[PDB]
Amino acid sequence: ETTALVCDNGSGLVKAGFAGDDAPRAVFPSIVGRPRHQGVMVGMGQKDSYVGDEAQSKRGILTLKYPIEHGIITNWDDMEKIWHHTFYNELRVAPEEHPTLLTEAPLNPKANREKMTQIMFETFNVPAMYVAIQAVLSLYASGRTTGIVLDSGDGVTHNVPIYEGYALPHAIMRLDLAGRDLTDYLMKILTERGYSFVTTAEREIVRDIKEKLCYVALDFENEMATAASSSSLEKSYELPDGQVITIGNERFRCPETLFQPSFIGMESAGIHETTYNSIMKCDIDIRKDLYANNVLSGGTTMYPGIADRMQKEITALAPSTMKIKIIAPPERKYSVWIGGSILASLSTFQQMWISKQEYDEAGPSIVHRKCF
Amino acid sequence: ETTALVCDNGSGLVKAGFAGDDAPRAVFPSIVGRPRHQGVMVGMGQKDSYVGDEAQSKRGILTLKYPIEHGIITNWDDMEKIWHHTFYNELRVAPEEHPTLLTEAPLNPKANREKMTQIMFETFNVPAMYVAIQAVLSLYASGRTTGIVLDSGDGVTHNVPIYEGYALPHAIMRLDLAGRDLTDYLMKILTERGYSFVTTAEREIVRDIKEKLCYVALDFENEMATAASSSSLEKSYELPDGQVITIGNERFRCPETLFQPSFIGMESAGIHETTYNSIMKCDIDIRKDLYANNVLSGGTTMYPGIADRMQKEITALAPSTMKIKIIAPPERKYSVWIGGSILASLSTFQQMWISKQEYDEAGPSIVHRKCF
Amino acid sequence: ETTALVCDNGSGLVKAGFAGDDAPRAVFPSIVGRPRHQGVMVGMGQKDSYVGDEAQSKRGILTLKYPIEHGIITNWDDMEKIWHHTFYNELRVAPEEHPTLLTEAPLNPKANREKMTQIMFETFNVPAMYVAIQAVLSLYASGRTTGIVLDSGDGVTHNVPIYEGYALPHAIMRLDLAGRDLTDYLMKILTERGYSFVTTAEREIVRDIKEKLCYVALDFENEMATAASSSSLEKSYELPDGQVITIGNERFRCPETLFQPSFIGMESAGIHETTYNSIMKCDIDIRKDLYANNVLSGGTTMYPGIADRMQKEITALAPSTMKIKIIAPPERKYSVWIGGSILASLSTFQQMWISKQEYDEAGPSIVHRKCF
């Protein structure tokens, strides 16, 4: 059978590999570096485009750009570079031999779904392809046809009620606030403590810090009080040039913005609130199988202690005769990619692919007839 | 003798099973469903139509419709999906090896009797069949050959005087009000209290509520006053997604429409008025037994306290020297099916069947020669 | 005689003024703004509550709330703010000198009719008051005493057959889908085109767009085809920060949900269908005046080209020996308020008002003995 490349379009990490395997085989940063100055390398070759880990090692001399900003492809040129690198550098295979599965947000722009369909088929010459909602794949990785997924990426958070494998198009909710924003916010609040960070390279350390040291508090006022009353809510981090910095209440404050969007000046409601409001758009006999399967997904959900917080919050908004229970997969950061690996290796799914012939007949439009 | 399948054509519950048994083998909802959208399920085999407990549980994907509305078959294609489900899913038997007995309302349209007869001999290939009035079977199940039946079924209410055999064909009286419109009415009057409902998934819980909590008042003004003077005429119900609702005077108001059809814009006489107007058409030497034996039948008569109300009402209409009694069977919801189950087991009844040979010789017209 | 304030409880526009005038004298948005942040204004006074146009100018710094969501008062506090502003800011008069006429949906909750009666009388100290179903006033504004009104507001849609003084309570049909929903839907389908709107302020531009650019197609498939075959079904709109956006097929798709509720997951039937199913519950001797007088009312009906669509749809459901004809008033958006102004000006109507004494005797409950 044809080996399908599953490529998760994560906004701060690419996750890529082959279908039928239990885990991604390449996990690298979504970063394209291009030179700030030319002349840097003399006696050695210069290139102008570095991608992923190659770019990461050269960060000092590169201008980093993100291909995907807030789950939205913002530059077609940087999306292409990521792709060129995925196939030829990272997996070292011809894409033209391998069908492609691409991941997307709910309500991912149609003009974008098309430019993605077109770019894959004309330049890479893919034999077949498909595009699928991130949360639907994470639900298949959770072994379920039906449930509501809180998917919080490295850039967007969605609440996605799904039923018999279809995401409910009137009931889904979105929040632009997650891992990308979270770094920029963390950096702000550290400047406020007097650990000013103004350089973007230092920003990436702040990113790493965030992933390692942030934790979801179970009670925001009680932990805040604890940090005000004692310095036991602080963890040290040694910067790689030396210099020991102390990260305080910023640890739980940073992700606190997910529950209270007003802290960054939004009119948006919180991730627990949009969970509750999303299920309340659904019919009562499916509210049962939706509430019974509240699933966490994506990189932002890997902060410890999140389940007890989300269990709390949802039981407080929701009536005490729906079964409330948080499902947190063992490696929830990958559950989109794992769900794509499952879906692309089902014998029933092989009828669904966009073929090169259907693209030649209808142009990039074909995704809006084959994908749902 | 050959085992007869007895099918109760109920407008809200189908009742089904083998003849010669004291109670029905299958009691399931009168519902049929079809997909709301193109594409309906992933990871398991799709179906073009759904019935019974599968339609009641897998509800969210389905446009539900009802095969029998208002005591009348309203869509042939859904009545066939009930019958196909009944033989092959529920009783798991071949109907082509068994006679079939169908229940009906009085004054059933000739075109409907013919289309049912034709479906039985040509869709289901049956060796034999018969069709019988609900009230006649309920009276026979009660151990009697003479009396008047107030058959307040699922979808219609009928008044049916019977003597030493068959119903009196000139004396029968009808009202277009029973358990079907009772749900829709209940739902209206709850919106009025400020417990608005809009979803047909809510309407089926309102249905369940009605069956559990409605009660026939003995005195309508005195109970109404009691509820206006005190909140002791209210019972709580916890909905299946939490949220405790309080059902008030709606409990007795809902069924009050049976006595006063002007509450819902109808011109018709009430269940007691149509009882009296039916008995007054009967012959004087049998008026004695008809007034003495007033029999309750059907799902709508299972509200508590109905007998004392009906005893009252009929004694007020009819003179005080035919000695009125209400006969309420122990399981009066089922007496139609139980009467068919008893009757179809008798050696004297085996001469009444419409055979496949008589259908070959006379076509659909045969039912109007063989039925009474 | 006493000058009556007629106040239409519209869900996205308040319309208010004095009885006996031919048009509203204040037309402003139903919006209460309260501060997202305090500290915004330094050296100038801050207030915490802005209402109507005052709120509109300050939208950037305000959290907007609707007093009335889907024709249902959802917050008593925001309803009060609208009122306080109506009397003292907008009309600059003492309400305690002026009797009041309020407007409501059919089946408007009784607990709500009472909290409205109570709030008007205790706080505002009104001398007398009345409450009327929106559609019943729009019939009088159409110059008529019998007919069927379709009323589609900025939040709910109503079907209301009326005869010489009564609306028929069994024949009325309601749908929650109209102008409020229509904005939220429009916004979703624009994100889908790739004009993502995620901010609520931008939502209000989307509201304005909807009112200006939406049009009812006469044939949904033929216009849809036209937009697929040519870009001549698109109108430009320049956002007030600059940036020219192009609004496509969304123009006719947005209101298309009124004819096909399944587009947004609802189990309900279309506005045409519920017009037909409403008239078919009425008496045959009055149907002759109902079908001949389909009166259109409310803000959602002001999309061009509605009548030819409605004429079509209704003749297709209805027999061709009822005279079918759409009556669309010259300024149908105001017909509720105009009908209230007409009704409250009649010397025969001065006997109908709820008095302060009857409120002191019976509490808020008095409305159900005076309003019909």
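Remarks
So that you can tell them apart, the chains are marked A, B and C in the order they are listed, and the count of residues begins at 1 in each.
Basically, a residue touches a chain if its C-beta (ideal position, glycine included) is under 8 Å from a C-beta of that chain, and two chains touch if they have at least 3 such contacts.
Among the remaining chains, B is positioned farthest from chain A, on the basis of C-alpha centroids.
Comparing each option in B-C or A-B with A-C by residue number, the pair that reproduces over half of the contacts is B-C.
Closest chain to the protein centre (all Cα atoms averaged), using per-chain Cα means: C.
Here the spacing of chain B and chain C, counted between their Cα centres, is 42 Å. One finds 56 Å separating the Cα centroids of chain A and chain B.
Each of the following residues of chain C touches two or more other chains: 267.
For chain C in complex with chain A, the residues that touch the partner chain are 36-37, 63, 188, 191-194, 196, 198-201, 264-265, 267. Against chain B, in their complex, chain C makes its touches with residues 72, 107, 109-112, 168-171, 176, 262, 267-268, 281.
Residues 37, 39-44, 57, 59-61, 199, 201-202, 205, 238-243 of chain B touch chain A in their complex.
Remark: chain A residues 140, 145, 163-166, 282-288, 291, 318-322, 346, 348, 372 touch chain B in the complex.
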